[PDB]
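K.L.:
I'd like to ask some things about the structure below.
Ideal geometry is used to build each Cβ from the backbone, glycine not excepted, and the neighbour counts take in all protein chains shown. Laboratory data are not the source of any read-out in this text; all were calculated from the coordinates shown.
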Ligand SMILES: Nc1ncnc2c1ncn2[C@@H]1O[C@H](COP(=O)(O)OP(=O)(O)OP(=O)(O)O)[C@@H](O)[C@H]1O
Ligand SMILES: Nc1ncnc2c1ncn2[C@@H]1O[C@H](COP(=O)(O)OP(=O)(O)OP(=O)(O)O)[C@@H](O)[C@H]1O
Ligand SMILES: Nc1ncnc2c1ncn2[C@@H]1O[C@H](COP(=O)(O)OP(=O)(O)OP(=O)(O)O)[C@@H](O)[C@H]1O
Ligand SMILES: Nc1ncnc2c1ncn2[C@@H]1O[C@H](COP(=O)(O)OP(=O)(O)O)[C@@H](O)[C@H]1O
Ligand SMILES: [Mg+2]
Ligand SMILES: [Mg+2]
Ligand SMILES: [Mg+2]
């Protein structure tokens, strides 16, 4: 997102919402949007106050410039839901709470993590899942 | 800065009064400027839109812009401010100059209040200078524009009172986008559901009645929620097709099944949205704003005499506002319910609020009294401030004798200041209900006609009424009916009120849990549970 | 006047008064002077104080560098004369208060406004003046 | 490109815990990467060194670099900037590429926060792009590597909180060196005094005990200060030669005498440092932790405190005791940290004993004068309280004295405003963070305990309450004797004055006022005495018993209701 | 390339208030 010019950062963003619309249907993933879309009450920086405006305007162009049945869905993921602008979180009706993995899910994660490592034969990927009920 | 021909006039509804003024104040001095040119008078009109957030301010300024066809320059107030102090004025000076250079033109200052705030409290140099730059840029429009073409500045803000009076004066036309009424919300709902396939049971008038306090944005979520429910049947059918093609948890397989085909597309049957899904959608959507109580007349046992009085002064003049207004029956500001405590004064006020489909606010006594000179009266005024914004709304003042005592000589200067505030507000679609058990201590200026001049007495049941209430309470929570007669006719319930019977049912329910606990150490509510519930419940 | 760098803002003011001296007789119009001549006492900053001190220096050069043959008059307008710095407010020899027009003034204002238009002889400006009590 | 083979591990001491973590987190994935290659495990650990300034971060990162032997690329944040906006990224892109090209390699980003500050306040475009280039360069390490010849980037900074969270997330391994303990400081002192000539009485373990809150840099000043004391005898001899050559204050002449010759340099005999000079050196050296915010040690001793034996026993067993014998008290379950709320009527000695404790414990002292921490800016009022304990822990043992604490933690009523409540809550959390074995002894004093929040008086917080009240008739005799003794009647007359019924409600301050009234009555008598005996300055003013007689009449107790202050 | 001195925005402060009591 960050460009070599203050105005160029919006150019990069304006080159994303336009590309998805031009190549609709398309999927936009704003991973940790709140890292550059925080509350701008105390954020007097010029770049910070323009990303929120650019984000909200880019969603309206999606509703306008599409062939009705060629929608573009923007999916945003963030570990700090509290940093989102209330002007933006109101526009995201659907909120998916991933939450923490269960005992069955944590066994798959442990096996996946220890996939490129050399392991012994006594490793029972079941005791580790039992004693990690609060791990992510 | 070209006009976007995307949102049309059909897509914005409920603004019939607003669209009438915008025709002779925005459309005319942007497309028919030649008539002004022959007379030789520039038409500079700064249109200001204000109202609750989500009323369709931004959408209207874009639907008008796309229909007029002239050049449109969308401006967002936060993006004007730059990193450097002088760059903020640079952005504004590049807008009012561009509009003059590209006249005729339309300027939309969205969220004007984000930068045109009161420079008085905005002691910082940059804050006080943006307002000065904005006002000078508008004068250059009146000066440097040609006689042939006009430039219209459109400003939107949800807090018109925060604008600098040096700026709000420059916006002569002010449109206060209030909240839509039942007739207006029906128009909005029809407008939203215009490109969709619908059934025949959809009563848009019924939808408008049971969506009070909603705005255009909230109603879009209601439509969006109902559309998703309409596709639930189209997903189960889609899953079955994937299952029939392929002879790990089930949701993971569904993703894997749909990953298989991809380019292979199968037809989704075109079903339509019913009315039951719309009723379900409204419940699932919580408006940003209180809420209609869930208590019906099925929750109210007996009290037929009280119901008739309530169904003729409040509930009636809500369902058929025209039938009652034909015979000159003004909707009385409210009812002063009185009787002993615990007899169903709050219950029936919630039942009236629910069969009236209006918003309900309840005050549980002296909650508004404050040790300060002004905040105690402001709480009463704020009570009616939301009640008007969510009309129709029912305000219920429980134990009102502590909030409006009689203005005798021995009153001091704290309760008199509250009685006067309440008297003026009652004079100013709001149905105020008051409850008190000492009518000899309430001010006589309140019980006058036009104010809470109607008194309905809700009192203790005798014996047959408690049978209906106990049957009503037990029915809504699931003993049979023969045991309920024995419990209600027992001499131990001589003084039981409605609340005491509710307390009696909870005690019997707790007695059930004791029986289950001992059963699992060695469930149907039995008569023996009522036996120990009668002992541990007192009329109080 | 306000610029980005440090001395840019103050040099613009110095250029204005020097240009007026070079163009004497001249009339400077400082529109909305309260925006830049705010009370540096309560408004404590570094640029704001230097802007005020440059106008005070500027308004003294005009009455001392002109060659006794041509005069420079500085006109300023503000809705908030109390927000001006007293060192700058005292530098205006004349303060003119233009309050809300009276009934006699409102009739004259309407005639000037309704001068390039075509009107019917039925129009009575006395009625229009008397029905606009708090109009500016 | 090459290790700095001039500083060794022996030259850095007291970092035994830190050197243990650095063995399995920096040395191993730079020299034994083959084992990781056999294991098949990429090393994405960004090692970050943080701690108090002067703990030996820069020296350690250069001693480790010289010991590992792999290619080393020292990077200084100010030297990154060259003079162009695009050239700054060129320097960074020339480091992470070179390390990858010369893998395995070690990158040391000394003073990383100088080019890796917070991006929220980084308005300048160039500043915000250096952070992006640095953070992207760490991902390229994970990508463009054989997963065997790993490249570890080591960053050291004394302000870990100033790092951009976009960067600090990329530094999984964080090593908190902290300040050395008593055992560690002994090792540093022995290491520091290795090329010097020393005596035999030097007990480095004793030196470490009486230097709390010192860091490696501070201990270097103590050695450096002791060296100057060892040369003091060699300067006086140099001065004496100048005096004998030449027949204005004395220190000025010494500069003038040594300015005269400037060429006749004489041999300094090679003497060695004694133990008495080390004790002198410690006093002269102010540790970096005590530089700012620490109050001067009060001049009040236990000889200035009269009576108050019950309060003295509690203070000498909960604060003074654990400071002097931290091991004797911890054997009986007395943790070396306490929170005490002194309370009582005004004028009875609450501040006096707290000044005596600060002076009789020989520990560091920080005094807060009521609401001294409140600031008009947002957050800075709460940051002062957190920074207050950020130095109390670093200089343990430390005594925090909150005088008139009822103004700093008022009752959280409706009339409190959202500025002091945010400070009371901050102060409550910091008192919770004071560990049992932390070494912070918080003392609070207030004369209106009914206006102080009850949440401050819970255990873990200021849960110890000591009541300082009006003295009894026998108690005032000790106090009056104490006051008269510290200003110079004998002591038999003081008992009569203090036991007089006119001093029934006198507090400690009132007894001081009684002595001042008697002293003024003496001077009035002296003025008339020297007018009748004269009509020469040889008049002798002495406080007589008759001066106390008229001082008792004109002095009334300052406390109105003694029982008003016994309610809480 | 020459770095110029650029002025920026100012910090926010806190203000105490006084509130009357009818009691
Ligand atoms: N009268 C209306 N007719 C049709 N749709 C409407 C109407 N009012 C609101 N909407 C819908 O609700 C939303 C309103 O968008 P808009 O941004 O204009 O809200 P707003 O009133 O300006 O409030 P905010 O200032 O919070 O944005 C849009 O999705 C629009 O389709
Ligand atoms: N444990 C120690 N043993 C010996 N000398 C030490 C020790 N700790 C510090 N020093 C000395 O103190 C100085 C430490 O300099 P260095 O730059 O490493 O301090 P620092 O802890 O990194 O603090 P900063 O990062 O603020 O500079 C050196 O002169 C070093 O000899
Ligand atoms: N035990 C004592 N022996 C001698 N002098 C004493 C004694 N107690 C109090 N004083 C005298 O009274 C003075 C009171 O100082 P201090 O600030 O401690 O008063 P206080 O009891 O804390 O009351 P305040 O609440 O006003 O601070 C001392 O400085 C000393 O002069
Ligand atoms: N006619 C009735 N039918 C069913 N329940 C009733 C009836 N009257 C009172 N109650 C019960 O009594 C309780 C108290 O109601 P109400 O008297 O309106 O409030 P309050 O006791 O606070 O004045 C309610 O929970 C309600 O369930
Ligand atoms: Mg809008
Ligand atoms: Mg260092
Ligand atoms: Mg004191």
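K.L.:
Using beta carbons and a limit of 6 Å, which pairs, at least six apart or on different chains, have the first residue in the range B:344-358 and more than 14 Å from chain A (Cβ to nearest Cβ) and over 20 Å from residue B:390 (Cα atoms) and the second one within 13 Å of ligand 4 (Cβ to nearest atom) and assigned to a helix (DSSP H, G or I)?
P.N.:
Close Cβ pairs (under 6 Å, with a partner that is within 13 Å of ligand 4 (Cβ to nearest atom) and assigned to a helix (DSSP H, G or I)) amount to B:344/B:498.
K.L.:
Just a yes or no: is a residue in the range B:273-282 under 30 Å from residue B:352 (Cβ atoms), out of contact with any helix residue (DSSP H, G or I) (no Cβ under 6 Å at 6 or more places or on another chain) and within 14 Å of chain A (Cβ to nearest Cβ)?
P.N.:
no
K.L.:
Got a number for residues in the range B:169-185 being under 18 Å from residue B:135 (Cβ atoms) and either touching a strand residue (DSSP E or B) at 6+ places or on another chain (Cβ under 7 Å) or away from chain C (no Cβ under 14 Å) (or both)?
P.N.:
5
K.L.:
Given the criteria outside any loop (DSSP other than H, G, I, E, B) and either within 19 Å of the chain's Cα centre (by Cα) or within 11 Å of chain B (Cβ to nearest Cβ) (or both), does residue C:2 qualify?
P.N.:
no
K.L.:
Right, next: What about residue D:375, is it within 16 Å of ligand 3 (Cβ to nearest atom) and surrounded by fewer than 21 Cβ atoms within 10 Å (Cβ to Cβ)?
P.N.:
no
K.L.:
Now for a different question. So for the range D:298-305 (the condition being within 16 Å of ligand 6 (Cβ to nearest atom), under 26 Å from the mean Cα position of the chain (by Cα), buried (at least 18 other Cβ atoms within 10 Å of the Cβ) and more than 14 Å from chain E (Cβ to nearest Cβ)), does at least one residue qualify?
P.N.:
Within the range D:298-305 (the criterion being within 16 Å of ligand 6 (Cβ to nearest atom), under 26 Å from the mean Cα position of the chain (by Cα), buried (at least 18 other Cβ atoms within 10 Å of the Cβ) and more than 14 Å from chain E (Cβ to nearest Cβ)), the answer is no, since none of the residues qualifies.
K.L.:
Something else now. Taking residue B:270 as the residue in question, decide whether it is touching a strand residue (DSSP E or B) at 6+ places or on another chain (Cβ under 9 Å) and either away from ligand 1 (no atom under 16 Å from the Cβ) or part of a loop (DSSP other than H, G, I, E, B) (or both).
P.N.:
No, not satisfied.
K.L.:
Looking at the range E:11-23, which of its residues are part of a loop (DSSP other than H, G, I, E, B) and away from chain A (no Cβ under 12 Å)?
P.N.:
E:14, E:15, E:16, E:17, E:18, E:19, E:20, E:21, E:22, E:23
K.L.:
From (1) loosely packed, with under 15 Cβ neighbours inside 10 Å; (2) under 23 Å from residue D:204 (Cα atoms); (3) under 35 Å from the mean Cα position of the chain (by Cα), pick out the condition that doesn't hold for residue D:292.
P.N.:
With respect to (1) loosely packed, with under 15 Cβ neighbours inside 10 Å; (2) under 23 Å from residue D:204 (Cα atoms); (3) under 35 Å from the mean Cα position of the chain (by Cα), residue D:292 is out only on (2).
K.L.:
So which residues in the range E:1-10 are exposed (fewer than 11 other Cβ atoms within 10 Å of the Cβ) and facing another protein chain (nearest Cβ under 7 Å), if there are any at all?
P.N.:
Those that are exposed (fewer than 11 other Cβ atoms within 10 Å of the Cβ) and facing another protein chain (nearest Cβ under 7 Å): E:1, E:4, E:5.
K.L.:
Residue B:377: under 23 Å from residue B:450 (Cα atoms), within 14 Å of chain E (Cβ to nearest Cβ) and touching a helix residue (DSSP H, G or I) at 6+ places or on another chain (Cβ under 9 Å), yes or no?
P.N.:
Spelling it out, residue B:377 is indeed under 23 Å from residue B:450 (Cα atoms), within 14 Å of chain E (Cβ to nearest Cβ) and touching a helix residue (DSSP H, G or I) at 6+ places or on another chain (Cβ under 9 Å).
K.L.:
Determine which single condition residue B:164 fails, assuming it passes every other condition in (1) away from chain C (no Cβ under 12 Å); (2) in contact with a strand residue (DSSP E or B) (Cβ under 9 Å, 6 or more places away or on another chain); (3) within 30 Å of residue B:214 (Cα to Cα).
P.N.:
Every listed condition holds for residue B:164 apart from (1).
K.L.:
Considering only the range D:82-104, how many residues are within 18 Å of residue D:170 (Cα to Cα) and crowded, with 17+ Cβ neighbours inside 10 Å?
P.N.:
Number satisfying all stated conditions: 5.
Residues are listed down the side, and each one gets a yes or a no for (1) more than 30 Å from residue D:388 (Cβ to Cβ); (2) crowded, with 21+ Cβ neighbours inside 10 Å; (3) out of contact with any helix residue (DSSP H, G or I) (no Cβ under 8 Å at 6 or more places or on another chain):
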site: D:428; (1), (2), (3): no, no, no
site: D:436; (1), (2), (3): no, no, yes
site: D:452; (1), (2), (3): no, yes, no
site: D:491; (1), (2), (3): yes, no, no
site: D:495; (1), (2), (3): yes, no, no
site: D:507; (1), (2), (3): yes, yes, yes
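K.L.:
Okay, moving on. Quick one: how many residues across the range D:128-156 are in contact with a strand residue (DSSP E or B) (Cβ under 9 Å, 6 or more places away or on another chain) and either under 30 Å from residue E:11 (Cβ atoms) or assigned to a strand (DSSP E or B) (or both)?
P.N.:
Selection size over the range D:128-156: 7.
K.L.:
Let me ask something else about it. Could you grab me the full set of residues in the range C:21-74 that are surrounded by 15 or more Cβ atoms within 10 Å (Cβ to Cβ), under 16 Å from the mean Cα position of the chain (by Cα) and farther than 16 Å from residue C:89 by Cα?
P.N.:
Listed by number, the residues that qualify are C:26, C:72.
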